[PDB]
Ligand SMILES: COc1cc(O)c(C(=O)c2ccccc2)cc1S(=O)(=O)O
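The data below hold one chain only, encoded as structure tokens and taken in the form solved without this ligand.
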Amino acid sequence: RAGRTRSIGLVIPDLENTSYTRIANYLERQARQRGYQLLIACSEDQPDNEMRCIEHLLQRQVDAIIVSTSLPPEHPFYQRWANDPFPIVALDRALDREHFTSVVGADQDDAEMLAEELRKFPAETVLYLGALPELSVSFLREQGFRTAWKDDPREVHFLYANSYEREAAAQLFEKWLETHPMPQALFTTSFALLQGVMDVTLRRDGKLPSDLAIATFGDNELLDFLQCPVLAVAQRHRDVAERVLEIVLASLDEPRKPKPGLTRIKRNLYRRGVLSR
């Protein structure tokens, strides 16, 4: 009755993806310290499931909802709250810049940062293995890569898989090797795509060779088991969770609400492989 539950909804695809769980982990920790209960609802990245998760959280009267939406930004479902005190804050994937605050990545800047450091290696063959070129995220990462290499004299091969997947990249990378030599510099826009070339580089060269510079999005601590140079960008998961919660709490308790639009948070570049020494 015009009160609050001191609870926050969080709609994400699942509690499996390495990146979403890390942010949820810090989000839960920082919210409980502030006296808020997180109400996690997993959509499995399906639109119909997400919209039901939103309505169930509303039924439980959460004070706000943090959502990583599977819909287009101005899909009309979220426009229901376009001019509404109820705070809906987008995470990772953006809502309408006009009416919602979204904490998102800086994929173009991240890729230029990651590509530039890969350009430091003077390798002759360079491969850019990506996926789903028609997606805005794929384009931004490609635009960032090309910006770092606009004046580099080397030809860069661009190879796009049809899904951000392990086995998909594996068979794409093998047919590509029937026609070209193995690259001396590799650039993957997803760490799953890098797994795919491994199952080829294992099934072909037996080992994984050195004298090969890898740059990738995502990150594993098992990237340190690589004797070749490996560069990698990963989200500042706890900075992102902090910023999201700042926006939620500011929308709830403070007179001048946060302004709508995108707030981007850069990734950190980590030096794996022989680089770590």
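Residues carry their position along the shown sequence, with the first being 1.
Keep in mind that the form deposited with this ligand bound is missing from the display, and what follows is about it.
At the 4.5 Å threshold, heavy atoms of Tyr164 reach this ligand in the deposited complex. Although the partner is absent here, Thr263 lies well away from this ligand in the deposited complex, with no heavy atom inside 4.5 Å.
Though the partner is left out of this view, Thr201 does not reach within 4.5 Å of this ligand in the deposited complex, counting heavy atoms only. Though the partner is left out of this view, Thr101 does not reach within 4.5 Å of this ligand in the deposited complex, counting heavy atoms only. Comparing 246 to 254, 24 to 32, 49 to 57, 218 to 226 against this ligand in the deposited complex, the single stretch with non-hydrogen atoms within 4.5 angstroms of it is 218 to 226. Of the residues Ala90, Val137, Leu172, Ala185, just one reaches this ligand in the deposited complex with a heavy atom at 4.5 Å or closer; this is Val137. Residues of 188 to 210 placing a heavy atom within 4.5 Å of this ligand in the deposited complex, in sequence order: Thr189, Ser190.
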